[PDB]
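Student: Quick one: structure below, then a few questions.
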Amino acid sequence: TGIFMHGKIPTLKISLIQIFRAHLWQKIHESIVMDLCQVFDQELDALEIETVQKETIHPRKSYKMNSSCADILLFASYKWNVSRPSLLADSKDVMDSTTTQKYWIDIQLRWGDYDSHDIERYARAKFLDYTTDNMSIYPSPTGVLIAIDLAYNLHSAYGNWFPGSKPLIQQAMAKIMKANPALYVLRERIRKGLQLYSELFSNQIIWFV
Amino acid sequence: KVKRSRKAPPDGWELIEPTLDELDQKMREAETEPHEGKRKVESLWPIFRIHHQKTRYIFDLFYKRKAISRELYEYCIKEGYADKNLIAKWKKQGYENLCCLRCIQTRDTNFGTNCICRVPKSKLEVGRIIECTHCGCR
Amino acid sequence: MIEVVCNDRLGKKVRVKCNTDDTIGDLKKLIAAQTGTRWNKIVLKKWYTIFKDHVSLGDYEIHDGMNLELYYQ
Amino acid sequence: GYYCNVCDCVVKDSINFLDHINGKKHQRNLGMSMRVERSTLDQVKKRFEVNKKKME
Amino acid sequence: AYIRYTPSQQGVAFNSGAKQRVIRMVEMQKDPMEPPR
Amino acid sequence: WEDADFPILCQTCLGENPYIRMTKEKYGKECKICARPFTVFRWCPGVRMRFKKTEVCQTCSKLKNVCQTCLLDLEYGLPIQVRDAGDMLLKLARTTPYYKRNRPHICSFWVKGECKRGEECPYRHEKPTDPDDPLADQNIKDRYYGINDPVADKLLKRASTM
Amino acid sequence: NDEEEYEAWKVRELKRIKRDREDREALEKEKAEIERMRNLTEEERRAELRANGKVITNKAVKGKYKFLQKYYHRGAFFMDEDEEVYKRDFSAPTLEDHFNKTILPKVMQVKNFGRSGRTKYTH
Amino acid sequence: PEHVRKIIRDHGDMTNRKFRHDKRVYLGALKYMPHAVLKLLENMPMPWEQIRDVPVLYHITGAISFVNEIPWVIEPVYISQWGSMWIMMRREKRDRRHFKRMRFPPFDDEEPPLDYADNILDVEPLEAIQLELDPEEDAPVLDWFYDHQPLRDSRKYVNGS
Amino acid sequence: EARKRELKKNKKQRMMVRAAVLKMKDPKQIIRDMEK
Amino acid sequence: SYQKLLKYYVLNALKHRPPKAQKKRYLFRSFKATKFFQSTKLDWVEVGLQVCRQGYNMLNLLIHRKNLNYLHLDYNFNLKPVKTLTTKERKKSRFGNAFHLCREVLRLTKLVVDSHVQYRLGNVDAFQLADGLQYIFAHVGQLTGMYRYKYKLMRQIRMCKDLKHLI
Amino acid sequence: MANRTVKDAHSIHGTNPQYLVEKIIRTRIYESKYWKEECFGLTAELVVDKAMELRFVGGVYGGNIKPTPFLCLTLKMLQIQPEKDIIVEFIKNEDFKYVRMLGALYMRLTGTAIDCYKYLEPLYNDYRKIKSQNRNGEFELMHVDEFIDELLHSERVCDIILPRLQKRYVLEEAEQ
Amino acid sequence: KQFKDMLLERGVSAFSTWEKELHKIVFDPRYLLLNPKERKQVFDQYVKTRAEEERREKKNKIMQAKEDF
RNA sequence: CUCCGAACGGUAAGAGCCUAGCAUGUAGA
């Protein structure tokens with residue numbers, strides 16, 4: 001998970017491999033994919049959705065940074081008008097684009113440094129790269145490259161936007177960057193290594209045998 | 001193999017022009033020939049032969065037939081058409097006709113530097129078998 | 001204006017001075033004009049992170065001193 | 001993943017398996033398939049017949 | 001950083017007239033383009 | 001690591017000519033059976049012979065009583081296995097040593113079918129002897145040691161048949 | 001559109017045929033242009049005629065290095081193309097030339113434990 | 001004469017054309033005594049007489065072609081030549097407006113430049129920067145000023161061959 | 001300075017010990033014999 | 001520049017002690033005496049292309065013998081990789097000592113020979129040729145990879161710099 | 001095994017039998033999807049079947065150097081090294097287009113310049129469309145004249161570097 | 001002659017292709033009078049000839065009008 | 001006021017499966 005660095009620096013290397021004990025970024029990718037799946041399953045018919053179609057990604061699809069596969073493949077309802085590719089912070093969106101029937105989401109994690117603060121820039125860059133890259137498994141042409149900076153607790157996204165979902169994904173990322181379980185485990189491991197000590201919900205009628 | 005000499009050719013070059021260019025065409029054909037079929041050095045056998053015949057012409061024009069002028073027995077050697085040292089080796093009474101070095105004994109070169117037809121015709125080609133390693137001249 | 005280092009462990013350590021809001025195409029053009037090569041053969045990686053020739057330079061967040069592994073196509 | 005019954009080996013990456021049976025010493029042991037160039041007429045029959053099969 | 005050698009081994013009728021078998025011994029030219037073999 | 005003056009040669013390996021011409025090479029070719037630099041000299045045993053050379057080094061051959069290029073013997077002419085396991089050797093040996101060793105080995109271009117050199121093949125134009133008998137299969141190191149000879153058993157059973 | 005294809009096949013054949021003859025005559029045109037410039041240099045005008053442009057492929061519009069800004073070499077490998085990427089006036093501070101390098105105490109060439117060189121062009 | 005052109009016809013093969021047997025000395029003595037970059041760096045073809053001949057000693061396996069020819073240019077003739085060249089260069093720089101001489105790296109990734117120009121070479125523009133001297137003041141240096149060796153067949157002004 | 005070399009030597013010894021432990025109880029040495 | 005040139009001139013003037021030694025040791029004079037050398041007459045551009053091809057084939061066979069199928073010299077004497085090997089291959093390609101300098105020298109030589117081959121093959125062919133050689137020695141100052149193997153080269157490159165402003 | 005042609009090949013004088021293409025590009029050609037299939041062996045006949053079923057004419061596409069099947073098939077025929085008669089048969093085929101394109105490209109890479117003009121010149125009449133893959137992946141429909149013009153006059157019309165054909169003037173002055 | 005004549009009577013173009021003009025002639029009885037090889041030869045000669053007479057008839061009209069002027 | 005530098009100190013070590021450019025030329029019967 002400790003994606004990369006520059007120089008040898010054995011101390012920080014041991015520090016980072018200790019900060020990630022188990023397959024931890026795999027856990028974060030699973031957690032955030034399921035968070036997006038639940039946010040989609042909450043309002044499915046309201047967004048002209050067809051079904052949560054979380055695609056079988058490779059087991060190291062979260063650690064590999066050369067390619068970019070589709071984390072989830074939303075099937076829209078019918079004649080789903082896609083807007084132009086833009087950012088998440090901009091409000092003047094352009095709804096004059098094509099109308100696709102498949103909508104891909106690929107969550108990326110970027111353990112950034114001081115010269116990697118801007119997650120929006122890295123996000124749109126990886127978006128344009130994966131889009132133009134004629135080498136990756138990539139079903140739908142319209143989607144989003146929502147990226148998360150774990151080294152500064154940043155969130156960004158740049159891609160083709162849904163009609164009436166931009167604020168939905170905005171609120172979902174605001175509620176996922178906060179109160180996330182694996183994210184909390186990251187924060188706890190970092191506080192411990194850094195030494196700076198400062199089904200539950202029902203409403204579904206489920207049973208267990 | 002004519003490229004230039006920074007001057008007009010001598011008086012009677014027009015007569016040697018076609019015969020020289022025939023041998024030059026043969027040389028250009030043997031120089032771009034394929035290696036397939038040449039065992040180790042067979043590809044280098046005919047080229048020396050092409051160097052033989054060429055001189056064997058101009059020498060006959062030089063002072064044998066007495067047909068070439070004083071210019072067309074030195075100018076051809078000044079530019080690359082023949083070999084001066086080779087002709088001088090032919091000027092001797094012993095080495096009348098023989099290739100460069102394929103059969104001679106230990107000369108200044110450890111393999112040979114004297115001749116290729118230098119095998120003695122009495123006992124040359126020991127028993128019956130005649131062959132050479134550079135020119136292949138029996 | 002940014003100074004980038006197209007470097008390699010094979011006797012090719014070039015330093016190209018390129019613009020801030022420039023592309024990667026013109027950066028490849030500079031790197032090819034400087035060292036020894038044409039424009040369409042160069043490839044600037046950073047640990048298998050292939051830089052494409054349509055994204056911008058400041059958009060990929062490169063800054064003064066960033067060294068990039070040169071590889072020929 | 002991929003499975004080779006001749007060598008009874010498990011090929012992981014699709015490309016890893018593609019680069020075994022094409023070059024397998026054991027599979028090559030089932031027959032030497034060094035392809036010699038057919039005659040000049042042999043390459044004409046394949047050109048002619050396909051012109052009458054694909055098109056016609 | 002010639003030689004004359006009597007073959008005292010077998011001389012009876014090998015090499016008809018196996019008298020003393022003189023030979024010539026030269027050295028072979030070392031080209032100065034050969035690394036340590 | 002091993003220079004000398006004259007080779008410890010055979011009487012048949014030298015050749016059926018009273019005057020041959022050797023060519024010494026200081027520190028050539030790396031001895032076959034001990035891997036040591038020694039002094040390679042070749043010669044021509046006779047007309048249309050094989051241009052025989054020197055394989056087994058001076059200490060290699062002097063220690064084990066054997067010639068520098070055939071590994072048979074300087075005293076008898078038998079192999080080094082018969083002359084160890086097996087006297088009988090004196091009636092088993094031969095005088096007038098056949099020069100069927102000093103001849104060129106088989107032209108492989110002829111065995112394939114197209115020997116381009118024609119009559120000028122400096123190799124030999126006979127049929128490649130069939131592979132099946134273990135006298136198609138001997139090597140140097142198994143020969144030079146007593147262990148496992150294809151020849152020495154076949155000549156050692158010539159010693160008790162008749 | 002077969003009628004249009006044969007019409008353009010001559011459009012390309014004319015240009016390709018025009019490039020051949022235009023390349024042959026260029027060797028004579030270049031020699032002839034030197035002959036025209038020869039008489040032009042001979043008896044056209046004593047400093048009274050140019051008929052020129054002083055054309056250069058890539059104009060190096062340099063500036064002024066501040067105090068010790070590194071001597072950046074553009075690299076002379078590709079200049080016949082006249083690419084616009086070259087015309088950028090490489091006279092700017094790259095990494096550390098942003099400073100004044102005059103308020104410093106005495107001097108600081110390179111603090112990297114390698115100052116083999118010693119020169120500033122004072123003399 | 002043409003033994004070299006055919007000896008170069010084997011640049012590396014699978015024991016097909018002098019590959020294995022001639023491999024090690026085509027590497028060893030090739031790398032040990034390079035020494036020909038120097039000679040080529042000491043035998044410029046003299047553009048004022050760019051018809052250079054360059055006699056060369058070559059290895060039979062085709063390892064290196066060494067140029068044993070040392071140049072022996074004559075001092076005052078040399079200096080006068082390069083001065084006349086200086087004048088011509090100033091003239092061509094002053095007359096010509098547009099200057100196409102940015103010809104940088106040739107070939108570019110695996111075009112070997114040897115194809116029909118180290119050969120019969122139908123093109124031979126040996127008239128590069130030769131100043132047209134009028135035979136009214138440059139008479140005595142009229143015929144021996146743009147020959148690369150203007151002494152050879154003299155026997156009066158050249159001490160020897 | 002030398003502390004880096006000392007730590008590298010300690011890490012190399014630990015890696016050799018781990019490799020020997022994984023090879024002694026290896027599937028091709030231990031579990032392979034356990035199945036025999 | 002004039003100051004640097006005068007400095008080189010004077011420092012050469014001091015270190016000029018009368019050379020008289022070595023008993024006239026000559027090279028490429030005994031080589032011609034053996035059977036491993038043959039004299040001929042071949043045009044200069046031909047000899048240059050021959051030397052360039054020979055040097056390239058010598059380096060390529062060094063790389064071949066050394067079991068490195070993932071590197072390529074690229075025929076301009078600029079060593080290029082193939083697949084970006086980084087398991088243990090990059091540790092087996094850290095030459096830096098002589099391969100680097102031989103590469104730089106042969107690159108300079110083949111570059112001069114190519115500049116002269118373009119002449120006979122239809123280059124500008126005017127004073128452009130001499131301008132090419134001038135900027136080629138300039139690039140040998142800068143463009144060539146000479147700096148790494150030896151740094152004292154900069155001294156003469158400084159001369160090649162200062163000498164520029166002499167002309 | 002993709003080392004030798006079959007057992008022996010007449011080496012083109014340029015670089016080598018298989019190395020007329022750059023080492024990087026050929027090394028990329030091998031490891032590929034299109035190479036994995038059809039690498040079992042293609043001597044003379046199946047090459048024609050694989051050629052008539054690929055309507056692309058291009059070299060490399062994608063940031064990662066991805067060879068087109070056109071380019072990989074050129075390399076496959078280059079390793080096979082067919083006789084000149086088969087190549088003239090491919091150069092004489094007017095029904096199938098890209099087969100003739102490959103034949104011309106191979107005759108350019110391996111063949112005499114005299115033969116190059118003698119066999120490629122009459123391919124300078126067809127005014128038909130030909131599809132090609134650009135370096136960015138996007139395709140483009142061009143004219144056959146553009147292809148043969150870049151092939152005979154220009155250098156590296158595709159990813160491959162061409163082996164330095166003479167200027168036509170020297171041959172017109174010396175030969176036909 | 002009948003096939004040559006139908007090519008003109010059915011308005012086959014000299015600036016198009018065989019495959020693209022075929023729908024013009026296939027129903028015509030005279031189409032059955034030749035095999036494929038003969039069809040190709042007559043067609044090729046009709047196309048070559050009609051294109052050449054057309055271009056030449058235009059170049060002539062302009063040249064004649066220039067000359068009269 | 002134009003003087004411009006490169007390598008090492010660098011990429012943990014690992015058990016199961018798989019593919020390959022290269023090399024001898026001989027002694028002897």
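Residue names in the structure tokens use chain letters A, B, ... in the order shown, residue numbers from 1 in each chain, and ligand numbers from 1 in the order shown.
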Each residue of chain B with at least one atom at most 9 Å from chain F should appear once, together with its nearest atom pair and the corresponding distance in Å (one decimal); atoms considered: only C-alpha atoms; ordering: chain, then increasing residue number; output as a Markdown table.

Tutor:
```
| residue | atom | partner | partner_atom | distance |
| --- | --- | --- | --- | --- |
| B:37 | CA | F:116 | CA | 8.1 |
| B:39 | CA | F:116 | CA | 8.8 |
| B:126 | CA | F:47 | CA | 7.4 |
| B:127 | CA | F:47 | CA | 8.2 |
| B:129 | CA | F:120 | CA | 7.0 |
| B:130 | CA | F:120 | CA | 7.8 |
| B:131 | CA | F:120 | CA | 7.4 |
```

Student: Can you spit out the residues from that selection as a PDB file, in the first residue's frame, using N, CA and C atoms?

Tutor:
```
ATOM      1  N   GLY B  37      26.805 -19.904 -50.089  1.00  0.00           N
ATOM      2  CA  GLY B  37      27.565 -20.720 -51.008  1.00  0.00           C
ATOM      3  C   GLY B  37      29.066 -20.584 -50.878  1.00  0.00           C
ATOM      4  N   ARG B  39      32.161 -20.921 -48.892  1.00  0.00           N
ATOM      5  CA  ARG B  39      32.336 -21.768 -47.717  1.00  0.00           C
ATOM      6  C   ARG B  39      32.878 -20.980 -46.531  1.00  0.00           C
ATOM      7  N   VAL B 126      49.875 -31.828 -54.866  1.00  0.00           N
ATOM      8  CA  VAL B 126      50.553 -33.051 -54.435  1.00  0.00           C
ATOM      9  C   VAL B 126      49.703 -34.286 -54.693  1.00  0.00           C
ATOM     10  N   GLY B 127      50.238 -35.191 -55.509  1.00  0.00           N
ATOM     11  CA  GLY B 127      49.518 -36.333 -56.015  1.00  0.00           C
ATOM     12  C   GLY B 127      48.619 -36.042 -57.195  1.00  0.00           C
ATOM     13  N   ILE B 129      45.683 -33.403 -56.450  1.00  0.00           N
ATOM     14  CA  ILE B 129      44.697 -32.433 -55.984  1.00  0.00           C
ATOM     15  C   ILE B 129      45.303 -31.039 -55.998  1.00  0.00           C
ATOM     16  N   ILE B 130      44.712 -30.152 -56.800  1.00  0.00           N
ATOM     17  CA  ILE B 130      45.177 -28.777 -56.942  1.00  0.00           C
ATOM     18  C   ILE B 130      44.128 -27.848 -56.352  1.00  0.00           C
ATOM     19  N   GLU B 131      44.591 -26.891 -55.548  1.00  0.00           N
ATOM     20  CA  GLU B 131      43.704 -25.920 -54.921  1.00  0.00           C
ATOM     21  C   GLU B 131      44.515 -24.872 -54.172  1.00  0.00           C
TER      22      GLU B 131
END
```

Student: Sorted by chain and rising residue number, list the residues of chain M at most 12 Å from chain I (counting only C-alpha atoms (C1' of nucleotides)), each with its closest atom pair and distance in Å to one decimal, as JSON lines.

Tutor:
```
{"residue": "M:9", "atom": "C1'", "partner": "I:5", "partner_atom": "CA", "distance": 10.3}
{"residue": "M:12", "atom": "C1'", "partner": "I:15", "partner_atom": "CA", "distance": 7.8}
{"residue": "M:13", "atom": "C1'", "partner": "I:15", "partner_atom": "CA", "distance": 5.6}
{"residue": "M:14", "atom": "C1'", "partner": "I:19", "partner_atom": "CA", "distance": 6.8}
{"residue": "M:15", "atom": "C1'", "partner": "I:26", "partner_atom": "CA", "distance": 6.4}
{"residue": "M:16", "atom": "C1'", "partner": "I:28", "partner_atom": "CA", "distance": 8.8}
```

Student: What lies within 6 Å of stretch 21-38 of chain K using only C-alpha atoms (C1' of nucleotides), ignoring chain neighbours under 6 positions off, as a VMD selection string?

Tutor: (chain D and resid 18) or (chain J and resid 82) or (chain K and resid 72 160)

Student: Would you mind exporting the chosen residues as a PDB file, in the first residue's frame, restricted to N, CA and C atoms?

Tutor:
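New file result.pdb:
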```
ATOM      1  N   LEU D  18      -0.108 -18.205 -23.032  1.00  0.00           N
ATOM      2  CA  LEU D  18       0.046 -18.066 -24.474  1.00  0.00           C
ATOM      3  C   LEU D  18       1.478 -18.351 -24.914  1.00  0.00           C
TER       4      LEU D  18
ATOM      5  N   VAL J  82      15.292  -1.470 -23.265  1.00  0.00           N
ATOM      6  CA  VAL J  82      14.244  -2.179 -23.992  1.00  0.00           C
ATOM      7  C   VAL J  82      12.943  -2.198 -23.196  1.00  0.00           C
TER       8      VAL J  82
ATOM      9  N   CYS K  72       2.927  -6.519 -37.085  1.00  0.00           N
ATOM     10  CA  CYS K  72       3.345  -7.829 -36.599  1.00  0.00           C
ATOM     11  C   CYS K  72       3.367  -8.853 -37.725  1.00  0.00           C
ATOM     12  N   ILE K 160       8.869   1.456 -38.456  1.00  0.00           N
ATOM     13  CA  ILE K 160      10.123   0.880 -38.929  1.00  0.00           C
ATOM     14  C   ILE K 160      10.946   1.967 -39.602  1.00  0.00           C
TER      15      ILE K 160
END
```

Student: Show me which bits of chain F are within 6 Å of chain E, counting only C-alpha atoms, as a ChimeraX atom specification.

Tutor: /F:16,18-25,96

Student: Find the distance between atom CA of residue F:6 and atom CA of residue B:109 and write it in Å to one decimal.

Tutor: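 Going from atom CA of residue F:6 over to atom CA of residue B:109 covers 25.5 Å.
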
Student: Once you count only C-alpha atoms (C1' of nucleotides), which residues of chain M turn out to be within 10 Å of chain G? Could you give them as an MDAnalysis selection string?

Tutor: chainID M and resid 1:5

Student: Please identify the alpha helix (DSSP H) residues within stretch 18-184 of chain A (assignment by DSSP from backbone atoms) and present them as a VMD selection string.

Tutor: chain A and resid 18 to 19 24 to 42 119 to 132 166 to 177 181 to 184

Student: Which residues, written as a PyMOL selection string, have at least one atom at most 10 Å from stretch 61-67 of chain C, with only C-alpha atoms (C1' of nucleotides) counted and residues fewer than 3 positions away on the same chain left out?

Tutor: (chain A and resi 115-119+121-122+125) or (chain C and resi 1-8+13-15+17-18+20+44-46+56-58+70) or (chain G and resi 94-96)

Student: I'd like the neighbourhood of residue J:31 as a list in words, where a residue qualifies if any of its atoms comes within 10 Å (using only C-alpha atoms (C1' of nucleotides)), though same-chain residues fewer than 4 positions away should be ignored.

Tutor: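 With the cut-off at 10 Å, the set is residues 31 and 32 of chain E; 57, 58 and 59 of chain H; 27, 35, 36, 37 and 38 of chain J.
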
Student: Save out the residues we just selected, N, CA, C and O atoms, as a PDB file, in the first residue's frame.

Tutor:
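Full text of result13.pdb as output:
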```pdb
ATOM      1  N   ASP E  31      47.994 -13.224 -33.838  1.00  0.00           N
ATOM      2  CA  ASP E  31      47.419 -11.940 -34.196  1.00  0.00           C
ATOM      3  C   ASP E  31      47.287 -11.065 -32.953  1.00  0.00           C
ATOM      4  O   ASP E  31      46.942 -11.570 -31.881  1.00  0.00           O
ATOM      5  N   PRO E  32      47.548  -9.756 -33.048  1.00  0.00           N
ATOM      6  CA  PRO E  32      47.286  -8.900 -31.888  1.00  0.00           C
ATOM      7  C   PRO E  32      45.846  -8.404 -31.848  1.00  0.00           C
ATOM      8  O   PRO E  32      45.591  -7.254 -31.485  1.00  0.00           O
TER       9      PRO E  32
ATOM     10  N   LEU H  57      45.549   0.264 -43.369  1.00  0.00           N
ATOM     11  CA  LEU H  57      45.893  -1.105 -43.003  1.00  0.00           C
ATOM     12  C   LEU H  57      44.709  -1.694 -42.251  1.00  0.00           C
ATOM     13  O   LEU H  57      44.251  -1.119 -41.259  1.00  0.00           O
ATOM     14  N   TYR H  58      44.224  -2.836 -42.722  1.00  0.00           N
ATOM     15  CA  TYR H  58      43.051  -3.486 -42.166  1.00  0.00           C
ATOM     16  C   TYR H  58      43.369  -4.904 -41.712  1.00  0.00           C
ATOM     17  O   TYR H  58      44.276  -5.565 -42.224  1.00  0.00           O
ATOM     18  N   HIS H  59      42.593  -5.361 -40.737  1.00  0.00           N
ATOM     19  CA  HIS H  59      42.657  -6.728 -40.256  1.00  0.00           C
ATOM     20  C   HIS H  59      41.860  -7.635 -41.188  1.00  0.00           C
ATOM     21  O   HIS H  59      40.817  -7.254 -41.727  1.00  0.00           O
TER      22      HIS H  59
ATOM     23  N   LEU J  27      54.437   2.030 -33.604  1.00  0.00           N
ATOM     24  CA  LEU J  27      53.265   1.168 -33.631  1.00  0.00           C
ATOM     25  C   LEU J  27      52.683   1.166 -35.036  1.00  0.00           C
ATOM     26  O   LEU J  27      52.935   2.064 -35.843  1.00  0.00           O
ATOM     27  N   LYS J  35      50.866 -11.584 -40.426  1.00  0.00           N
ATOM     28  CA  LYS J  35      49.749 -11.964 -41.281  1.00  0.00           C
ATOM     29  C   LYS J  35      48.399 -11.528 -40.724  1.00  0.00           C
ATOM     30  O   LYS J  35      47.369 -12.025 -41.191  1.00  0.00           O
ATOM     31  N   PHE J  36      48.378 -10.629 -39.739  1.00  0.00           N
ATOM     32  CA  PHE J  36      47.150 -10.061 -39.183  1.00  0.00           C
ATOM     33  C   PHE J  36      47.018  -8.590 -39.551  1.00  0.00           C
ATOM     34  O   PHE J  36      46.575  -7.768 -38.743  1.00  0.00           O
ATOM     35  N   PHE J  37      47.413  -8.235 -40.769  1.00  0.00           N
ATOM     36  CA  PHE J  37      47.276  -6.873 -41.262  1.00  0.00           C
ATOM     37  C   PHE J  37      47.603  -6.868 -42.746  1.00  0.00           C
ATOM     38  O   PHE J  37      48.511  -7.568 -43.201  1.00  0.00           O
ATOM     39  N   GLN J  38      46.846  -6.071 -43.495  1.00  0.00           N
ATOM     40  CA  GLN J  38      47.032  -5.946 -44.936  1.00  0.00           C
ATOM     41  C   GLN J  38      46.759  -4.504 -45.332  1.00  0.00           C
ATOM     42  O   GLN J  38      45.770  -3.918 -44.887  1.00  0.00           O
TER      43      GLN J  38
END
```

Student: Tell me, in Å to one decimal, how far atom CA of residue H:47 is from atom CA of residue J:39.

Tutor: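 Value for the atom CA of residue H:47-atom CA of residue J:39 distance: 24.9 Å.
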
Student: Go ahead and compute the interatomic distance for atom CA of residue K:156 and atom CA of residue J:109, in Å to one decimal.

Tutor: 24.9 Å
